[PDB]
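These notes are about the structure you will find just below.
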Amino acid sequence: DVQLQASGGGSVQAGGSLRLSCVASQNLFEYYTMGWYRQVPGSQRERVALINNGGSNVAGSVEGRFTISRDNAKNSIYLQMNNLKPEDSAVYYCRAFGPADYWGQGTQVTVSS
Amino acid sequence: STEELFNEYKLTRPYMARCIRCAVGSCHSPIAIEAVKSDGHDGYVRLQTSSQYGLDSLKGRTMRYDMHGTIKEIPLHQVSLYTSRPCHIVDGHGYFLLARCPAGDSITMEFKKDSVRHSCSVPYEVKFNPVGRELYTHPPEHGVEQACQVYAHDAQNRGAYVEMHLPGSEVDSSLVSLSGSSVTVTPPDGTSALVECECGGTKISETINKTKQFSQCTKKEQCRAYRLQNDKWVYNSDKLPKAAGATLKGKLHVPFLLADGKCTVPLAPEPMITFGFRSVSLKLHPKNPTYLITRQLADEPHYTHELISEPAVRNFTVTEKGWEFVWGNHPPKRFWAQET
Amino acid sequence: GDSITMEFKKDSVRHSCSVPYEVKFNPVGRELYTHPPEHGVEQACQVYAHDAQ
Amino acid sequence: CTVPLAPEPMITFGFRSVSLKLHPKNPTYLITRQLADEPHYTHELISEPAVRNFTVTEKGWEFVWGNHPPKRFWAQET
Amino acid sequence: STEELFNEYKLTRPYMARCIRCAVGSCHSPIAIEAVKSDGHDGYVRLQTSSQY
Amino acid sequence: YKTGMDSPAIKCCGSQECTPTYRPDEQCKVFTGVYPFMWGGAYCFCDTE
Amino acid sequence: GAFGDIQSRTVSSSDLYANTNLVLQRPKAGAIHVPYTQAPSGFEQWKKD
Amino acid sequence: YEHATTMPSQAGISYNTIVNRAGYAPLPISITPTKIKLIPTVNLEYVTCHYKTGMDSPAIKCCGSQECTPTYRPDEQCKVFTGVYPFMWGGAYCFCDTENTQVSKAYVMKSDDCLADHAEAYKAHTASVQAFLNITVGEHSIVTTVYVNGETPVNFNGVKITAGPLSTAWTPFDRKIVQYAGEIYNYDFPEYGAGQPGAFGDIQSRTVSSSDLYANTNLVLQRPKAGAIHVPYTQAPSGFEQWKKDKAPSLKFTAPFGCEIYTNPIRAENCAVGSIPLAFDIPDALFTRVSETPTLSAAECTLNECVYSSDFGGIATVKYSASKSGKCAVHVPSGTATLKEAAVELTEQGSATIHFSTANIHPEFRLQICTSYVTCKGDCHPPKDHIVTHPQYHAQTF
């Protein structure tokens with residue numbers, strides 16, 4: 001089965017930067033739209049950004065600070081976070097949507113004031 | 001008069017579509033090429049573009065095209081096209097463009113705005129079709145005239161029609177904006193708009209020149225604002241969304257048709273003949289790949305179909321019944337052997 | 001090309017020098033094309049650096 | 001870097017036989033090989049359209065056309 | 001970050017050298033060719049010259 | 001011949017059906033769960049259906 | 001893929017029998033268009049012959 | 001309860017067996033190898049790439065004489081010339097007519113573009129085999145990576161499994177190997193300190209950053225042109241260059257048995273040669289008593305579809321009347337047919353349809369089903385397709 005392996009999560013301070021990276025077990029991006037979803041503990045998964053051949057669209061909560069990029073050759077998608085604030089702490093899952101939907105296992109991101 | 005042969009395009013508009021390869025990459029451009037048909041002989045090509053021609057915001061050489069909803073114009077000579085060598089455009093009418101182009105694999109058309117160059121390249125192979133039996137690459141300067149099929153330079157109505165369509169609902173993130181607490185909509189003057197929101201429940205509201213602030217929303221991304229039109233129809237393209245209900249509102253004749261005209265072909269060398277008993281040696285020396293098409297006038301022709309581009313010698317045996325060989329576009333030649 | 005020429009024009013003097021050093025194109029893959037195409041599948045390649053790092 | 005991709009050849013099956021019709025736009029390599037211990041490897045450059053007939057046994061067969069991925073085939077009983 | 005790369009070349013000067021082919025014959029041109037290297041794929045060529053850029 | 005095309009019929013968070021015109025060699029196929037775009041952002045905002 | 005692919009009774013019969021093997025593939029994600037695969041125009045190959 | 005079997009050395013094809021015991025019911029075993037690797041021990045000796053002949057400035061002297069100061073660079077050549085008349089843009093560099101002495105010095109180093117694109121020599125030997133597997137024994141499904149040598153059994157849930165070494169130790173790799181741009185070739189190069197001009201190995205660096213070089217390219221100094229200043233030379237071309245003009249097709253496209261070479265850690269994937277002895281230390285815990293398992297009565301076998309195809313193109317429906325309803329292992333002791341499935345759920349009085357691959361025109365055998373044996377007989381027919389895209393899934397009987 002196709003697996004989405006997310007990495008890059010960790011602990012940082014306010015005003016810091018991070019770069020997540022989700023790698024798929026198979027070349028799937030060419031037919032799929034890639035998405036990053038954050039989940040605060042106890043909250044529902046909510047979209048952070050989406051990307052495909054038509055460009056990238058990022059959530060308005062994190063506009064100008066989170067940017068999503070794709071690399072079909074490496075089968076990797078990257079989300080560069082900058083100027084994080086204490087509310088950004090959450091479990092971030094990479095989602096690949098197409099004819100079938102796959103959810104990443106996710107990594108913990110913690111940011112402290 | 002061309003107004004009655006051009007009034008039809010007073011009823012439609014250009015549009016801006018998806019370009020798989022503009023100057024940057026996967027892209028949105030006003031010059032997406034839906035298809036180019038090329039079934040002439042000397043290299044006349046008819047192109048379907050997303051933009052419109054010959055119509056003011058009348059004038060002959062002006063492309064009228066779209067830009068994020070606003071329709072702009074520019075004379076044709078600022079735009080250019082190539083495949084491997086630069087093309088020479090003939091003219092354009094409506095969505096169609098008649099041009100002269102060389103052989104190649106990928107079309108690439110380009111124009112320039114005050115600061116941004118807009119291009120589009122597509123891998124649609126260009127098929128040049130030589131005439132007769134003398135194969136060349138560029139049109140000749142003289143020779144002998146034959147009947148040929150060539151796309152018409154002008155616009156006319158004929159037994160062939162296309163399908164224009166009702167405009168759809170195009171989303172616009174510029175109309176939807178964020179106020180202090182509510183969501184602001186500023187539709188264009190003289191036209192209504194529809195903004196759908198699910199920040200609370202699913203709402204469908206039509207604002208008719210009514211700036212409206214709707215609560216329960218925090219970001220603008222929870223809403224989508226569309227734009228509405230009725231007139232200024234569009235072509236049955238696969239790159240646009242369908243309209244509301246049966247999507248048929250008439251049909252439209254086609255310009256640039258394949259008419260029967262006259263074309264000149266080069267004339268190959270008169271071959272050198274050296275005849276012996278029941279046989280002939282032929283010395284040949286063409287300028288280009290030209291066909292030799294021979295046979296016998298007997299019960300079984302033993303016809304020879306062959307192509308020569310290099311000077312060569314050939315010996316053949318000719319019978320009393322006769323003999324035929326056709327060299328290039330020259331008339332057929334007849335020779336009957338005699339007993340000696 | 002087997003030679004390379006380069007040249008500029010002063011106010012009224014044209015400086016121009018040429019040398020016969022081979023300039024050979026190196027196609028990639030199993031197709032021996034001549035000039036760069038428009039489309040196709042993506043592969044790794046080795047090319048000079050545009051930056052001056 | 002992007003690379004040119006050649007058209008699909010025309011295949012034709014037959015009893016321990018495979019015929020191929022070819023129409024290269026540009027010079028391209030065909031690399032063919034048996035899947036056994038002994039290759040009979042055949043590396044060739046085709047620049048003109050042509051027809052070519054090979055034989056494939058139950059032991060397998062392989063060929064690569066230009067920049068396209070490899071093609072494997074296996075014969076059977078008919 | 002570009003200026004730190006750029007600065008180290010402020011310790012040299014341009015110079016002339018003999019080019020066998022002029023606009024007429026063989027000169028000591030100011031744009032002489034030290035060597036030419038071409039090992040990429042898309043034909044991009046690096047050239048070594050006697051002047052500064 | 002020449003291939004006659006129709007604009008895609010798109011419904012967001014909905015479903016569609018096939019209407020056979022009976023034109024020669026007619027091909028109609030429906031695919032769900034797409035995420036189409038246009039220039040001014042995504043044409044729609046749903047994720048599935 | 002060969003002769004007889006399109007069969008119209010006359011020039012202006014306004015009807016035709018089509019046997020051209022139109023097969024619809026799935027479109028690209030995030031792109032509105034109608035891709036397709038079918039046999040080549042048989043007239044092209046025959047006039048090549 | 002130890003059991004030993006032999007595995008065909010072919011990844012992608014499933015293999016089914018039964019562990020039979022007198023007082024207990026058979027225990028099914030299903031094994032699918034995914035990826036088989038061949039990792040030979042690799043020794044780096046040196047690298048070779050484009051060379052480049054750097055030239056020192058000609059040392060000049062007027063009304064005097066000069067000498068040659070050795071510098072010991074790789075294949076360094078120095079010479080003295082006399083009786084010239086140098087020049088530059090300004091004019092004559094000299095006013096002495098005769099006795100003008102010029103020292104011309106040249107040597108070779110490695111092109112600095114080849115830090116990423118350089119051929120590497122290698123010595124290979126002592127191949128070892130590794131295997132990825134998916135195993136299912138007693139509905140205990142696992143995915144594992146295992147070494148095939150006589151040691152290192154895999155342990156899980158008290159079950160130990162030892163893979164016997166290969167039946168043959170042949171390697172597609174040869175002793176002497178060259179890699180270039182990710183493709184690998186079995187070509188014979190010279191050793192260190194005995195390179196030759198014109199051919200591969202002309203210049204020799206111990207590593208990419210060793211900075212100790214050997215060079216042999218018959219570099220000869222020519223007499224300078226009069227009225228000019230330069231270091232003319234002549235040498236054999238870059239042997240690396242003409243070797244890359246030769247480029248016999250890679251082992252990827254000349255390897256035997258159609259197994260694919262990958263170079264990140266260099267290995268050959270899925271070489272379909274030989275077979276792997278196996279042995280299964282399975283504990284008695286997973287075994288099942290006969291009373292715990294169903295026992296049938298009045299079973300009838302009917303061959304519905306019979307086609308001796310490569311794939312499981314055979315349908316046989318067996319009608320049965322079972323005392324109990326429970327899944328159990330079904331097998332054929334012989335090799336005439338390869339069953340698609342090892343076990344099927346049993347009902348009280350239903351019938352079971354089984355897929356299988358056969359190769360006999362008049363197939364006849366006894367199929368073992370969970371307590372007993374039932375005869376199956378029929379007549380197969382030819383398939384319709386001359387060539388397929390997948391290999392055989394059965395053995396060929398004489």
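Following the order of the structure tokens, first chain is A, next is B, and so on, with residues numbered from 1 inside each chain and ligands from 1 in the order they appear.
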Exercise. For chain F, which residues have at least one atom within 6 Å of chain B, if we go by only C-alpha atoms? Write them as a PyMOL selection string, please.
Worked result: chain F and resi 6-7+9+40+43
For this session: Write out as a count of residues only every residue belonging to chain G that has an atom at most 7 Å from any atom of chain B, counting only C-alpha atoms.
Result: 3
Taking only C-alpha atoms into account, find every residue of chain B that has an atom no more than 9 Å from chain C, and write it out as an mmCIF file with N, CA, C and O atoms, in the first residue's frame.
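result.cif was written with the following content:
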data_model
loop_
_atom_site.group_PDB
_atom_site.id
_atom_site.type_symbol
_atom_site.label_atom_id
_atom_site.label_comp_id
_atom_site.auth_asym_id
_atom_site.auth_seq_id
_atom_site.Cartn_x
_atom_site.Cartn_y
_atom_site.Cartn_z
ATOM 1 N N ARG B 21 2.670 25.403 -21.061
ATOM 2 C CA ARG B 21 4.048 25.899 -21.080
ATOM 3 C C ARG B 21 4.020 27.332 -21.619
ATOM 4 O O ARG B 21 4.070 27.544 -22.832
ATOM 5 N N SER B 106 7.045 21.329 -32.600
ATOM 6 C CA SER B 106 6.365 22.114 -31.580
ATOM 7 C C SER B 106 6.122 23.534 -32.067
ATOM 8 O O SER B 106 7.048 24.237 -32.483
ATOM 9 N N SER B 121 3.914 27.296 -25.993
ATOM 10 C CA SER B 121 4.485 26.278 -26.858
ATOM 11 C C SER B 121 3.749 24.964 -26.642
ATOM 12 O O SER B 121 3.471 24.578 -25.502
ATOM 13 N N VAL B 122 3.438 24.288 -27.746
ATOM 14 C CA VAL B 122 2.695 23.025 -27.704
ATOM 15 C C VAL B 122 3.314 22.055 -28.695
ATOM 16 O O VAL B 122 3.713 22.442 -29.801
ATOM 17 N N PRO B 123 3.407 20.753 -28.321
ATOM 18 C CA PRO B 123 4.005 19.771 -29.245
ATOM 19 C C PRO B 123 2.990 19.180 -30.223
ATOM 20 O O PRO B 123 2.639 17.996 -30.160
#
Exercise. Residue 10 (chain D): which residues within 12 Å, counting only C-alpha atoms, same-chain residues fewer than 5 positions away excluded, as a ChimeraX atom specification?
Worked result: /D:18-24,49-53,65 /G:1,39-40
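The space separating CA of residue 30 (chain G) from CA of residue 35 (chain F) comes to 5.2 Å.
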Exercise. What lies within 12 Å of residue 6 (chain H) using only C-alpha atoms, ignoring chain neighbours under 2 positions off, as a PyMOL selection string?
Worked result: chain H and resi 3-4+8-10+15-17+31+162-167+274-280
